[PDB]
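Residue numbers (the entry's author numbering), protein chains in the order written: chain A, 3 to 265; chain B, 505 to 560; chain C, 834 to 879, 945 to 980; chain D, 1 to 65; chain E, 17 to 120; chain F, 337 to 392; chain G, 75 to 155; chain H, 25 to 70.
Backbone N, C-alpha and C fix where the C-beta goes; we use that ideal spot for every residue, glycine too.
These notes concern the structure reproduced below.
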Amino acid sequence: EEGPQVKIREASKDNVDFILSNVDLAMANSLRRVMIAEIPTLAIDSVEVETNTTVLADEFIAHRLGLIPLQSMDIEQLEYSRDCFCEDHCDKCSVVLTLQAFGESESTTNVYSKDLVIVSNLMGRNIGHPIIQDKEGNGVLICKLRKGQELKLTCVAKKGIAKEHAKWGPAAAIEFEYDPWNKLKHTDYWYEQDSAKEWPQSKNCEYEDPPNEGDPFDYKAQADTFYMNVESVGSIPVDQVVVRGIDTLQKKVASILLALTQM
Amino acid sequence: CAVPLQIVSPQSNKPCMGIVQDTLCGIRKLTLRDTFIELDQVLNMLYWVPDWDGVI
Amino acid sequence: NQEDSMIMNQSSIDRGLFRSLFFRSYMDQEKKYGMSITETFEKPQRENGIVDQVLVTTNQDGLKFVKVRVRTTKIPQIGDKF
Amino acid sequence: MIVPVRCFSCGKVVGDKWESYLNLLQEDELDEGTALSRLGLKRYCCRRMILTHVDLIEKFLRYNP
Amino acid sequence: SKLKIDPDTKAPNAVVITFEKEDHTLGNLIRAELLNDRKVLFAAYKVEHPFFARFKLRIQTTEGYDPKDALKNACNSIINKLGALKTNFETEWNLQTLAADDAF
Amino acid sequence: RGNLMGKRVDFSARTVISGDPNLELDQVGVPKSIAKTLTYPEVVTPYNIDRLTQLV
Amino acid sequence: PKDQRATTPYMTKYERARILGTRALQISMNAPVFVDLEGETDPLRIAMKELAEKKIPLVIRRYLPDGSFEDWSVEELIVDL
Amino acid sequence: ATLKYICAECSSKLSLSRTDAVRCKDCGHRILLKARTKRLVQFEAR
Ligand SMILES: [Zn+2]
Ligand SMILES: [Zn+2]
Ligand SMILES: [Zn+2]
């Protein structure tokens, strides 16, 4: 296409690194901000406690359960509770799971995510599954239990946005870098004697010809090229994260257009 | 007791208030000889001035 | 952050930074001596937190005593000290 | 207490490396830096969250009740 | 109610728009888009107060060119740019994933 | 000294302070809870009954 | 002793404040309005406008050390504050 | 009477009421631990 051009350098399950060109600065910054903020996903929100004979306090366990990653491919197929006409919660707008265990042996028992049990009807939608990136598949460590203890509770997760609160954070780190050679003179490097030796070279520096000392400043240059690297939390495939962010930004713009038409 | 009516305190013929902390530091860099502002930047800055008359 | 004040990453707080439990305890005595003095707390007829533990005992004198411990969750707020 | 679920700044999950991290410290008798590198914690903002953690729950569980 | 549009009084062909529940993410994008339109005489924004997601955008244009129409054109341009970006990125992801099918 | 030259008073508030560059000198941000606690016995008149009617 | 009053013909800041406040109080008490209501639902602003047009019917009794006094009409005075 | 109390220093329940003193029937202690409410508790993870 004639719009922004893309060139991926590396691609894994956790992070995607690529180069975005033929685009202004504002658009790239907006993409970064959106991927961080408005990426609708699922997360535990409501915690009901039956019993807690554990060391830790209830609210502590609820808070921790809030941040366990969850499967959210079909999150778009799920509806926000704030819009669902059901009281409290419903399968069409929420996912219910439970956590039950109790001390059995004198040794500590490590209550993990994999012990979380899906209860409500998924309607076949690929959502609600706790995400385990562990080598042993043990998953996140929810808590610990002694022999003469017991912990049972019910959790309800709802679709929400990281902007509202962190627990919906889908993307951990976004490396974002442009004009590594500082051709645009957007920066004045601090130095003691000479920046040319007192500053390390960015790994991306090898993707452009080093600037020539004998050339005058290009005062008309635009901050065109960009280098980005998104590390997903595992809740969504990285490419899906990029696609969803792009779609969400375009949808905000479309909503502004629709509001203008209504005006 | 309205704030402006005490801008000049009769204690020492000096206005007690003034620019301090980061705002003071920023001014020196801004008005410095080696400072220049690009068009896009100016328009945004101008709109911050609540009393701007609308003239570039 | 003009004066000594500070900017704190909001999302970082939500991920746990500087979260703090806060336990407080209340105690009360059922009544004074048994010398024709009477009072109790059996739900007579007509701060923020939750009940964590309720402990009932008695002094060496046989007067019943009650201790209540309640707990809450401090979530960093603008204006706190650091 | 116990391993926090997520890094405060990064948001990268760390509440799953505790077991393998302790293993590498003891089972493989490696230094902290090498082990952390093996876990993929390529940013100090996330390496910190494990390196500095103090595990107290081990001591709370000592109590019989 | 999300948007409010009003005419400025300090200059002609100038308007001020208030966006509720909105912030830099889209505001700076829209301003950068606007400043690429030749007929636009002036375009900028600001955020009155961090505590509120209130976004104020002022735009002045040449005669016979409604600033609202300029905003519509900027929105259309942004939408088309995003669409092209998504298409190219999807194709690039497919081609690179063919390799990543073995390396994840 | 303890009751006449000074004295405990009402219609008052006390709390911590903070900075706000985006606020005019003659302005001050007040916490909402306080604004819902202090009051003023405004008198009803023809020019304000409508607003007072709504406020009540 | 209205003849040869030895006090200044200008109006004092404290006098400005008290006159304005008192007139505002009367305005709030449904007292007679003396100028046009131009949307100034603020009684104090109404009093300010009245003072601007010298429509306030009041007189001040300034006191001297010995207890003697001078009476000055608000319309006599000069407002430069 | 009512499952109001638990015998500190032992998992056993006491479930005593008025005029039952505070002695633990199996431990002899003067320590009672109020039986936890059977009602459910709601928390908003955050
Ligand atoms: Zn539902
Ligand atoms: Zn980190
Ligand atoms: Zn016992």
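The region 220-233 of chain A contacting the region 27-46 of chain A, beta-carbon criterion three pairs below 8 Å: yes
Run of the alpha helix (DSSP H) containing residue 95 of chain G, from where it starts to where it stops: By one-based count along the seventh sequence, residue 95 of chain G stands at place 21. Residue 95 of chain G -> alpha helix (DSSP H) spans 87-102.
Partner residues on chain C for residue 59 of chain A, Cβ-Cβ distance less than 8 Å: Residue numbering aside, residue 59 of chain A sits at position 57 when the first sequence is read from its first letter. Residues of chain C passing the Cβ test: 854, 950 and 969.
Runs of alpha helix (DSSP H) lying entirely within the region 56-101 of chain A, each at least 4 residues, in chain order: For the region 56-101 of chain A, whole alpha helix (DSSP H) runs of length 4 or above, ordered along the chain, are 60-68.
C-beta contact flag for residue 859 of chain C and residue 954 of chain C at 7 Å: Against the third sequence, residue 859 of chain C aligns to sequence position 26. Against the third sequence, residue 954 of chain C aligns to sequence position 56. Not closer than 7 Å, so no.
Separation of residue 964 of chain C from residue 865 of chain C, as counted between CA atoms: In the third sequence, counting from the first residue as 1, residue 865 of chain C sits at position 32. In the third sequence, counting from the first residue as 1, residue 964 of chain C sits at position 66. Cα to Cα, residue 865 of chain C sits roughly 14 Å from residue 964 of chain C.
Closer than 6 Å: residue 157 of chain A CB and nearest ligand 1 heavy atom: On the first sequence, residue 157 of chain A is found 155 positions in, with the first residue counted as 1. Residue 157 of chain A Cβ: outside cutoff for every heavy atom of ligand 1.
Test item: CB-CB of residue 97 of chain G and residue 126 of chain G under 7 Å: Here residue 97 of chain G refers to the residue found at position 23 when the seventh sequence is read from its first residue. Here residue 126 of chain G refers to the residue found at position 52 when the seventh sequence is read from its first residue. Result no, Cβ atoms of residue 97 of chain G and residue 126 of chain G do not sit closer than 7 Å.
Residue-level contact to chain H via CB, residue 930 of chain C, 7 Å cutoff: Since the model of chain C includes 879 and then 945 but nothing between them, residue 930 of chain C has no atomic positions to report.
Extent of the continuous alpha helix (DSSP H) to which residue 105 of chain E belongs: Looking up residue 105 of chain E in the fifth sequence gives position 89. Where residue 105 of chain E is concerned, the enclosing alpha helix (DSSP H) stretches over 83-116.
Beta-carbon contacts of residue 140 of chain A that lie in its chain and below 7 Å, excluding the five residues immediately before and after: Along the first sequence, read from residue 1 onward, the residue named residue 140 of chain A stands at position 138. Excluding residues within five positions, the ones whose Cβ falls inside 7 Å are 114 and 116.
Residues bridged to residue 279 of chain A (per DSSP): Beyond the ends of chain A as shown, which are 3 and 265, falls residue 279 of chain A; an answer cannot be given.
Three-pair Cβ contact test at 8 Å for the region 62-81 of chain A versus the region 126-138 of chain A: yes
Outcome for residue 385 of chain F when other beta-carbon atoms lying within 10 angstroms are tallied against a minimum of 16: As a working mapping, residue 385 of chain F is identified with position 49 in the sixth sequence. Counting Cβ neighbours within 10 Å, residue 385 of chain F comes out exposed, since fewer than 16 surround it.
Top-ranked residue by Cα proximity to residue 362 of chain F, from B/533, B/512, B/505 and B/556: Sequence index remark: in the sixth sequence, residue 362 of chain F carries index 26 (1-based). Answer by Cα proximity: B/505.
Burial state of residue 15 of chain A, where buried means 16 or more other Cβ atoms lie within 10 Å: Locating residue 15 of chain A in the first sequence gives position 13, where the first residue counts as 1. So residue 15 of chain A counts as exposed.
Residue 34 of chain H beta carbon near ligand 3 (any heavy atom closer than 6 Å): Taking the eighth sequence and counting its residues from 1, the one referred to as residue 34 of chain H is at position 10. Yes, the beta carbon of residue 34 of chain H sits closer than 6 Å to at least one heavy atom of ligand 3.
Inter-residue CB distance, residue 67 of chain A and residue 105 of chain A (contact presumed, cutoff 8 Å): Position 65 of the first sequence, counted from the start, is the residue given in the question as residue 67 of chain A. Position 103 of the first sequence, counted from the start, is the residue given in the question as residue 105 of chain A. Actually they are not in contact, since the Cβ atoms of residue 67 of chain A and residue 105 of chain A sit about 19 Å apart, beyond 8 Å.
Residue span of the beta strand (DSSP E) that contains residue 57 of chain E, given as start and end: Working through the fifth sequence from its first residue, we reach residue 57 of chain E at position 41. Run containing residue 57 of chain E: 56-63, per the beta strand (DSSP E) assignment.
Classification of residue 88 of chain A by the beta-carbon crowding that lies within 10 angstroms, buried from 16 upward: As a working note, residue 88 of chain A is residue 86 in the first sequence. Exposed.
Distance cut-off 6 Å: residue 10 of chain D Cβ against heavy atoms of ligand 4: Questions concerning ligand 4 fall outside what the structure shown contains, since the ligands it does hold are ligand 1, ligand 2 and ligand 3.
Continuous beta strand (DSSP E) assignments of at least 3 residues falling wholly in the region 7-66 of chain A: 7-13, 17-23 and 43-54
Boundaries (first-last residue) of the alpha helix (DSSP H) holding residue 845 of chain C: The count along the third sequence starts at 1 and reaches residue 845 of chain C at position 12. Per DSSP, residue 845 of chain C belongs to the alpha helix (DSSP H) from 843-847.
Identified DSSP bridge partners for residue 169 of chain A: For the purposes of this step, residue 169 of chain A is taken as residue 167 along the first sequence, with counting starting at 1. Residue 169 of chain A is bridged by DSSP to nothing; it lacks a bridge partner.
Distance CB(residue 22 of chain A)-CB(residue 91 of chain E) smaller than 7 Å: Translated into the one-based positions of the first sequence, residue 22 of chain A becomes position 20. Translated into the one-based positions of the fifth sequence, residue 91 of chain E becomes position 75. No, they are not a contact pair.
Proximity winner among A/191, A/195, A/205 and A/58, relative to residue 179 of chain A (alpha-carbon distances): The residue you call residue 179 of chain A lines up with position 177 of the first sequence. Here the closest residue by C-alpha is A/205.
Straight-line Cα distance separating residue 51 of chain A from residue 65 of chain A: For this step, residue 65 of chain A is matched to residue 63 along the first sequence. For this step, residue 51 of chain A is matched to residue 49 along the first sequence. So the alpha carbons of these two residues sit roughly 13 Å apart.
Residue range of the alpha helix (DSSP H) that includes residue 552 of chain B: Position 48 of the second sequence, counted from the first residue, corresponds to residue 552 of chain B. 543-552 is the extent of the alpha helix (DSSP H) around residue 552 of chain B.
Distance CB(residue 160 of chain A)-CB(residue 237 of chain A) smaller than 7 Å: The residue you call residue 160 of chain A lines up with position 158 of the first sequence. The residue you call residue 237 of chain A lines up with position 235 of the first sequence. Pairing residue 160 of chain A with residue 237 of chain A gives a Cβ-Cβ distance that is not under 7 Å.
Supposed contact pair residue 30 of chain D and residue 22 of chain D - C-beta distance, whole angstroms, cut 8 Å: Taking the first residue of the fourth sequence as 1, we reach residue 22 of chain D at position 22. Taking the first residue of the fourth sequence as 1, we reach residue 30 of chain D at position 30. Between residue 22 of chain D and residue 30 of chain D the beta-carbon gap is near 11 Å, outside 8 Å, which marks them as no contact.
contact_flag[the region 238-252 of chain A, the region 100-110 of chain E] where n(CB pairs < 8 Å) is 3 or more: yes
Cβ-based burial, residue 56 of chain A [other Cβ within 10 Å; buried from 16]: As a first step, residue 56 of chain A must be located in the first sequence, where it is residue number 54. With 16 or more Cβ atoms within 10 Å of its Cβ, residue 56 of chain A is classed as buried.
Residue 60 of chain E beta carbon less than 7 Å from that of residue 74 of chain E: Locating residue 74 of chain E in the fifth sequence gives position 58, where the first residue counts as 1. Locating residue 60 of chain E in the fifth sequence gives position 44, where the first residue counts as 1. The answer is yes: Cβ separation under 7 Å.
Where residue 116 of chain A sits in the DSSP three-state scheme: Within the first sequence, the letter at position 114 stands for residue 116 of chain A. In the structure shown, residue 116 of chain A sits in a helix (DSSP, three-state: H, G or I).
Burial state of residue 171 of chain A, where buried means 16 or more other Cβ atoms lie within 10 Å: Taking the first sequence and counting its residues from 1, the one referred to as residue 171 of chain A is at position 169. Buried.
CA-to-CA distance, residue 173 of chain A to residue 844 of chain C, given in whole angstroms: Residue numbering aside, residue 844 of chain C sits at position 11 when the third sequence is read from its first letter. Residue numbering aside, residue 173 of chain A sits at position 171 when the first sequence is read from its first letter. Straight-line spacing of the CA atoms in residue 844 of chain C and residue 173 of chain A works out to 13 Å.
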